[PDB]
Each structure stands twice: as structure tokens, then as C-alpha cells.
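This is data_6.cif. It holds mmCIF, C-alpha atoms and all ligand atoms.
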data_model
#
loop_
_atom_site.label_atom_id
_atom_site.label_comp_id
_atom_site.auth_asym_id
_atom_site.auth_seq_id
_atom_site.Cartn_x
_atom_site.Cartn_y
_atom_site.Cartn_z
CA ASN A 1 83.64 124.83 50.28
CA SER A 2 82.31 122.48 47.60
CA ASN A 3 84.81 121.63 44.79
CA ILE A 4 82.21 121.71 42.02
CA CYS A 5 79.92 124.49 40.71
CA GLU A 6 76.52 124.40 42.42
CA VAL A 7 74.71 125.12 39.10
CA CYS A 8 76.46 122.93 36.45
CA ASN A 9 78.17 120.37 38.75
CA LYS A 10 81.60 120.73 37.02
CA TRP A 11 84.98 121.74 38.43
CA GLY A 12 86.94 124.66 37.00
CA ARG A 13 87.61 128.32 38.01
CA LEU A 14 85.26 128.53 41.04
CA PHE A 15 84.35 131.40 43.38
CA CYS A 16 83.48 130.37 46.89
CA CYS A 17 80.65 131.68 49.03
CA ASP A 18 81.89 133.11 52.35
CA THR A 19 78.71 132.29 54.21
CA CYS A 20 77.88 128.80 52.97
CA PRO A 21 79.88 125.95 51.42
CA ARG A 22 78.62 126.54 47.81
CA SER A 23 80.83 127.38 44.89
CA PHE A 24 80.25 128.88 41.41
CA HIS A 25 81.65 129.47 38.04
CA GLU A 26 81.66 133.21 37.30
CA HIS A 27 78.78 133.18 34.74
CA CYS A 28 76.90 130.25 36.31
CA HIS A 29 76.08 132.46 39.34
CA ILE A 30 73.26 134.95 38.64
CA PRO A 31 74.09 137.75 38.80
CA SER A 32 77.70 137.02 37.53
CA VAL A 33 80.08 136.75 40.50
CA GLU A 34 81.04 140.28 41.55
CA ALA A 35 84.66 141.59 40.89
CA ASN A 36 85.58 142.54 44.48
CA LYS A 37 83.52 142.07 47.74
CA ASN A 38 85.35 140.21 50.52
CA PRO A 39 83.41 138.66 52.10
CA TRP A 40 81.09 137.57 49.22
CA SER A 41 77.72 136.01 49.84
CA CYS A 42 76.05 133.92 47.04
CA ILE A 43 72.43 134.28 45.94
CA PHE A 44 71.27 131.40 48.13
CA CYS A 45 72.63 133.25 51.22
CA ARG A 46 71.13 136.60 50.04
CA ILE A 47 67.70 135.01 49.64
CA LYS A 48 68.01 133.33 53.05
CA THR A 49 68.76 136.75 54.58
CA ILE A 50 65.52 138.24 53.19
CA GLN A 51 63.51 135.40 54.76
CA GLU A 52 65.36 135.74 58.05
CA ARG A 53 64.88 139.51 58.22
CA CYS A 54 61.12 139.14 57.44
CA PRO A 55 59.85 135.73 58.51
CA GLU A 56 56.31 136.76 57.50
CA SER A 57 57.47 137.03 53.84
CA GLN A 58 56.96 133.24 53.87
CA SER A 59 53.24 133.42 54.61
CA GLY A 60 51.12 132.48 51.55
CA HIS A 61 50.57 134.86 48.65
CA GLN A 62 48.22 135.00 45.68
CA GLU A 63 50.04 134.60 42.32
CA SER A 64 48.13 137.55 40.91
CA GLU A 65 49.53 139.90 43.60
CA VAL A 66 53.07 138.49 43.12
CA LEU A 67 52.97 139.04 39.33
CA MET A 68 51.98 142.73 39.69
CA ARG A 69 54.90 143.58 41.95
CA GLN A 70 57.33 146.07 40.63
CA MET A 71 60.87 144.86 40.08
CA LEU A 72 62.47 146.58 43.13
CA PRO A 73 65.81 145.08 44.33
CA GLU A 74 64.34 142.20 46.36
CA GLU A 75 62.00 141.10 43.51
CA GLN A 76 64.89 141.44 41.01
CA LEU A 77 66.94 139.14 43.26
CA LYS A 78 64.13 136.61 43.61
CA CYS A 79 63.70 136.36 39.82
CA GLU A 80 67.49 135.96 39.46
CA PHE A 81 67.41 133.08 41.96
CA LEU A 82 64.41 131.45 40.27
CA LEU A 83 66.28 131.65 36.88
CA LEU A 84 69.29 130.14 38.56
CA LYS A 85 67.24 127.25 39.96
CA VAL A 86 66.13 126.36 36.38
CA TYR A 87 69.79 126.43 35.15
CA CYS A 88 70.59 124.04 38.05
CA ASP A 89 68.68 121.27 36.24
CA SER A 90 70.71 119.61 33.48
CA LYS A 91 67.66 119.61 31.16
CA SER A 92 67.96 123.39 31.01
CA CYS A 93 70.56 122.87 28.21
CA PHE A 94 67.67 122.36 25.80
CA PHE A 95 66.25 125.81 26.52
CA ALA A 96 69.41 127.85 27.14
CA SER A 97 70.40 129.12 23.68
CA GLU A 98 68.49 130.49 20.70
CA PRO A 99 66.34 127.76 19.12
CA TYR A 100 65.45 127.14 15.50
CA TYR A 101 62.46 125.53 13.97
CA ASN A 102 62.38 123.29 10.88
CA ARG A 103 60.24 120.24 11.41
CA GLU A 104 57.81 118.76 8.90
CA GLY A 105 54.23 119.45 10.04
CA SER A 106 55.04 122.29 12.51
CA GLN A 107 55.57 125.99 12.35
CA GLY A 108 57.97 127.86 14.67
CA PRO A 109 56.55 130.10 17.41
CA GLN A 110 55.67 133.71 16.80
CA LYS A 111 57.86 134.80 19.72
CA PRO A 112 60.83 132.57 20.34
CA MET A 113 62.26 132.68 23.86
CA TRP A 114 65.21 131.10 25.69
CA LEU A 115 66.94 131.18 29.03
CA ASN A 116 69.99 133.20 27.97
CA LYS A 117 67.70 135.85 26.54
CA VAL A 118 65.82 136.05 29.88
CA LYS A 119 69.18 136.22 31.63
CA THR A 120 70.24 139.19 29.47
CA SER A 121 66.90 140.86 29.98
CA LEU A 122 67.21 140.58 33.78
CA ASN A 123 70.81 141.85 33.68
CA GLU A 124 69.73 144.84 31.53
CA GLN A 125 66.78 145.62 33.94
CA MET A 126 64.28 145.21 31.11
CA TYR A 127 61.45 143.83 33.28
CA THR A 128 59.50 146.36 35.29
CA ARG A 129 57.23 143.82 37.01
CA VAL A 130 57.58 140.22 38.10
CA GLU A 131 54.91 139.41 35.49
CA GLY A 132 57.33 140.28 32.61
CA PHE A 133 59.90 137.76 33.82
CA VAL A 134 57.35 134.98 34.55
CA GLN A 135 55.60 135.46 31.17
CA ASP A 136 58.91 135.01 29.25
CA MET A 137 59.81 131.99 31.35
CA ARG A 138 56.44 130.28 30.77
CA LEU A 139 56.62 131.15 27.06
CA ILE A 140 59.81 129.05 26.72
CA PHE A 141 57.95 125.90 27.71
CA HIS A 142 54.70 126.76 25.98
CA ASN A 143 56.57 127.36 22.65
CA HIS A 144 58.23 123.93 23.09
CA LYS A 145 54.96 122.09 23.76
CA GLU A 146 53.28 123.62 20.79
CA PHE A 147 56.17 122.94 18.37
CA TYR A 148 56.91 119.33 19.27
CA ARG A 149 53.24 118.31 19.35
CA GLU A 150 53.06 114.53 19.91
CA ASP A 151 56.77 113.84 19.71
CA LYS A 152 57.86 112.48 23.02
CA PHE A 153 60.47 115.27 23.17
CA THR A 154 57.61 117.50 24.32
CA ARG A 155 58.10 115.99 27.76
CA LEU A 156 61.35 117.88 28.29
CA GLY A 157 59.28 121.10 28.29
CA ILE A 158 56.89 119.63 30.85
CA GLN A 159 59.78 118.52 33.04
CA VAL A 160 61.67 121.85 33.04
CA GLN A 161 58.37 123.77 33.46
CA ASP A 162 57.65 121.74 36.58
CA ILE A 163 61.05 122.76 38.04
CA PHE A 164 60.33 126.42 37.21
CA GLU A 165 56.81 126.33 38.72
CA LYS A 166 57.82 124.53 41.94
CA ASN A 167 60.64 127.00 42.48
CA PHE A 168 58.32 129.94 41.66
CA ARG A 169 55.80 128.75 44.35
CA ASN A 170 58.66 128.28 46.89
CA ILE A 171 60.62 131.50 46.26
CA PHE A 172 57.63 133.76 46.15
CA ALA A 173 55.76 131.85 48.88
CA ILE A 174 52.63 131.21 46.88
CA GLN A 175 49.68 130.01 49.08
CA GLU A 176 49.55 126.23 49.07
CA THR A 177 46.42 124.68 47.46
CA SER A 178 44.99 121.29 46.32
ZN ZN B 1 79.08 126.14 36.57
ZN ZN B 2 76.21 131.11 50.06
ZN ZN B 3 59.05 141.80 58.36
#

Reformat the file's structure so that it appears as C-alpha cells.
Amino acid sequence: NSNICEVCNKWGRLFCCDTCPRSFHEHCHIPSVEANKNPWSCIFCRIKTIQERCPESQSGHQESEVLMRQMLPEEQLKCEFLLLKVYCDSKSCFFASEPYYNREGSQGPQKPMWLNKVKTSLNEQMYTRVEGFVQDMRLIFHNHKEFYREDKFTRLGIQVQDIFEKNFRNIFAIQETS
């Protein structure tokens, strides 16, 4: 197995996947690494299994159909993985914890949002459809773009949004377009 966490790239107290060489800190894995379960398979392996079981799940989909899906176990897992893929980027630090807004010439957003809040919401089964999860995720970046205006720091929102959107199109097998 790897000797660093797959998500944050640090050593420490790591739990090892039994079916691939990845390793995780307890709360870096989403969901948090389970108390028992030998063998244990990580989220990457669980997602791979879904694709393997149903190869046709990789044929192209319309975003609108994806967003209306109810959050049954497989869609819950996919949104957990997509959240995890955003945490995998180091620039996620900027969006992880609860933000505050006091900048001359801007007003804070009406509905602040952050990754740890989305994490909690997923853990508490608060989203009933994929749409709920994706709306909160996109709201993170949209709030950032609006607040930081022409400051170059706005680009961090663009960059982390691009990682979210690429992973969304991959995980949920959105139909490729130009
Ligand atoms: Zn970690
Ligand atoms: Zn694995
Ligand atoms: Zn099938």
C-alpha cells in the first residue's frame, strides 16, 4: 500500500485499502473509514465495482436527467466520491471551512457554503436528489467569484470549479460535447 494519504498526501495514522494500494486518513476518506470490515474496500474500488457490474452505466447521460435522480445508495456514493475528488486538490483548503466576508466594496453572499458543510449534509442524508448536492457545490464557487470580483484571487474559484465539473462529467458519465 501507499505510505501517504491519497487525499491530503501526508503520512500519519492511515487505513489501507484491501483491494487497491491506496491509503487514507480516517476523516479524509468519504465516508469516514468504517470501524470494522476486513477486508475493507475504499471508495475508488466501490465506484469501480459499480462500473464493472454495469458497463453501460458509462454510456453518455444528459445532466438534467442526472440531477433529478433520487439519492439512492449508488448516487449517494457517487456524490461522496465527487466530493472526495475536490478535497484531493490542495486548493480545496480555501473552500473547506466556514468563510467570512469583510472586504471594502463587496458584500458577503446571501447563502454561504463550504465543503465541510456539504460533507456534513451528505453524512446526515440531507440531500434527496443529486441536484441538491450539485447546487451546493456550484454555489461555493459562484459565491467566491461574486465576492472577489476583479481580485486575482477569484481564479482559485475557477480552478477548483473546473476540478469539480470535470469529475462530475466523469463520475456521472455525462455525454461528451464540444
Ligand atoms: Zn489525509
Ligand atoms: Zn481501493
Ligand atoms: Zn447493467

CA of residue 131 in chain A and CA of residue 64 in chain A, how far apart in Å?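 According to the coordinates, CA of residue 64 in chain A and CA of residue 131 in chain A are separated by 8.9 Å.
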
Hey, which residues come within 8 Å of ligand ZN 2 (chain B) if we count all atoms listed in the file? Could you give them as a list in words?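 Based on all atoms listed in the file, ligand ZN 2 (chain B) is surrounded within 8 Å by residues 16, 17, 18, 19, 20, 21, 22, 23, 41, 42, 43, 44, 45 and 46 of chain A.
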
Grab the residues selected above and save them as an mmCIF file, in the coordinates of the input with C-alpha atoms.
data_model
loop_
_atom_site.group_PDB
_atom_site.id
_atom_site.type_symbol
_atom_site.label_atom_id
_atom_site.label_comp_id
_atom_site.auth_asym_id
_atom_site.auth_seq_id
_atom_site.Cartn_x
_atom_site.Cartn_y
_atom_site.Cartn_z
ATOM 1 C CA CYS A 16 83.480 130.370 46.890
ATOM 2 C CA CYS A 17 80.650 131.680 49.030
ATOM 3 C CA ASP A 18 81.890 133.110 52.350
ATOM 4 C CA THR A 19 78.710 132.290 54.210
ATOM 5 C CA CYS A 20 77.880 128.800 52.970
ATOM 6 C CA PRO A 21 79.880 125.950 51.420
ATOM 7 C CA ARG A 22 78.620 126.540 47.810
ATOM 8 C CA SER A 23 80.830 127.380 44.890
ATOM 9 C CA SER A 41 77.720 136.010 49.840
ATOM 10 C CA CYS A 42 76.050 133.920 47.040
ATOM 11 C CA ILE A 43 72.430 134.280 45.940
ATOM 12 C CA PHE A 44 71.270 131.400 48.130
ATOM 13 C CA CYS A 45 72.630 133.250 51.220
ATOM 14 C CA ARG A 46 71.130 136.600 50.040
#

Test item: residues lying within 10 Å of ligand ZN 3 (chain B) with only C-alpha atoms and all ligand atoms, as a PyMOL selection string: chain A and resi 50-58

Could you write out the selected residues, including C-alpha atoms, as a PDB file, in the coordinates of the input?
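File produced: part-v3.pdb:
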ATOM      1  CA  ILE A  50      65.520 138.240  53.190  1.00  0.00           C
ATOM      2  CA  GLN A  51      63.510 135.400  54.760  1.00  0.00           C
ATOM      3  CA  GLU A  52      65.360 135.740  58.050  1.00  0.00           C
ATOM      4  CA  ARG A  53      64.880 139.510  58.220  1.00  0.00           C
ATOM      5  CA  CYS A  54      61.120 139.140  57.440  1.00  0.00           C
ATOM      6  CA  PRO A  55      59.850 135.730  58.510  1.00  0.00           C
ATOM      7  CA  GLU A  56      56.310 136.760  57.500  1.00  0.00           C
ATOM      8  CA  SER A  57      57.470 137.030  53.840  1.00  0.00           C
ATOM      9  CA  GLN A  58      56.960 133.240  53.870  1.00  0.00           C
TER      10      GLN A  58
END

I need the residue nearest residue 163 in chain A from this list: A:110, A:120, A:102, A:90. Use all atoms listed in the file for the distance.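 Residue with the minimum atom-to-atom distance to residue 163 in chain A: A:90.
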
Counting only C-alpha atoms and all ligand atoms, which residues of chain A sit at most 9 Å from some atom of ligand ZN 1 (chain B), and what is each one's closest atom pair with its distance in Å to one decimal, listed by chain and rising residue number, as a tab-separated table?
residue	atom	partner	partner_atom	distance
A:4	CA	B:ZN1	ZN	7.7
A:5	CA	B:ZN1	ZN	4.5
A:6	CA	B:ZN1	ZN	6.6
A:7	CA	B:ZN1	ZN	5.2
A:8	CA	B:ZN1	ZN	4.1
A:9	CA	B:ZN1	ZN	6.2
A:10	CA	B:ZN1	ZN	6.0
A:11	CA	B:ZN1	ZN	7.6
A:12	CA	B:ZN1	ZN	8.0
A:13	CA	B:ZN1	ZN	8.9
A:14	CA	B:ZN1	ZN	8.0
A:23	CA	B:ZN1	ZN	8.6
A:24	CA	B:ZN1	ZN	5.7
A:25	CA	B:ZN1	ZN	4.5
A:26	CA	B:ZN1	ZN	7.6
A:27	CA	B:ZN1	ZN	7.3
A:28	CA	B:ZN1	ZN	4.7
A:29	CA	B:ZN1	ZN	7.5
A:88	CA	B:ZN1	ZN	8.9

Residue subset to file, keeping C-alpha atoms, as a PDB file, in the frame of the given file:
ATOM      1  CA  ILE A   4      82.210 121.710  42.020  1.00  0.00           C
ATOM      2  CA  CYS A   5      79.920 124.490  40.710  1.00  0.00           C
ATOM      3  CA  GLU A   6      76.520 124.400  42.420  1.00  0.00           C
ATOM      4  CA  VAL A   7      74.710 125.120  39.100  1.00  0.00           C
ATOM      5  CA  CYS A   8      76.460 122.930  36.450  1.00  0.00           C
ATOM      6  CA  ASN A   9      78.170 120.370  38.750  1.00  0.00           C
ATOM      7  CA  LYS A  10      81.600 120.730  37.020  1.00  0.00           C
ATOM      8  CA  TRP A  11      84.980 121.740  38.430  1.00  0.00           C
ATOM      9  CA  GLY A  12      86.940 124.660  37.000  1.00  0.00           C
ATOM     10  CA  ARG A  13      87.610 128.320  38.010  1.00  0.00           C
ATOM     11  CA  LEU A  14      85.260 128.530  41.040  1.00  0.00           C
ATOM     12  CA  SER A  23      80.830 127.380  44.890  1.00  0.00           C
ATOM     13  CA  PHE A  24      80.250 128.880  41.410  1.00  0.00           C
ATOM     14  CA  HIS A  25      81.650 129.470  38.040  1.00  0.00           C
ATOM     15  CA  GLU A  26      81.660 133.210  37.300  1.00  0.00           C
ATOM     16  CA  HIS A  27      78.780 133.180  34.740  1.00  0.00           C
ATOM     17  CA  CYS A  28      76.900 130.250  36.310  1.00  0.00           C
ATOM     18  CA  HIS A  29      76.080 132.460  39.340  1.00  0.00           C
ATOM     19  CA  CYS A  88      70.590 124.040  38.050  1.00  0.00           C
TER      20      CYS A  88
END

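For the set A:123, A:78, A:155, A:164, the residue with the smallest atom-to-atom gap to residue 138 in chain A is A:164, counting all atoms listed in the file.
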
Quote the spacing between CA of residue 72 in chain A and CA of residue 130 in chain A in Å to one decimal place. 9.5 Å

Using all atoms listed in the file, determine which residues lie at most 12 Å from residue 94 in chain A, disregarding the query and same-chain residues fewer than 3 positions distant; provide the list as a list in words. residues 86, 87, 89, 90, 91, 97, 98, 99, 100, 113, 114, 115, 116, 140, 141, 144, 153, 154, 155, 156, 157, 159 and 160 of chain A

Have a look at CA of residue 71 in chain A and CA of residue 39 in chain A and let me know their distance in Å, one decimal.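 Answer for the CA of residue 71 in chain A to CA of residue 39 in chain A separation: 26.3 Å.
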
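Using all atoms listed in the file, the protein and nucleic acid residues lying at most 10 Å from the point (60.9, 126.9, 41.8) are residues 81, 82, 83, 84, 85, 86, 161, 162, 163, 164, 165, 166, 167, 168, 169, 170, 171 and 172 of chain A.
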
Pick from A:175, A:107, A:76, A:128: nearest to residue 146 in chain A, with only C-alpha atoms counted? A:107

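Shortest separation to residue 134 in chain A among A:92, A:148, A:40, A:122 occurs at residue A:122, atoms counted being only C-alpha atoms.
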
For residue 117 in chain A, which of A:68, A:136, A:104, A:93 is the closest residue, counting only C-alpha atoms?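 Answer, going by the shortest atom-to-atom distance: A:136.
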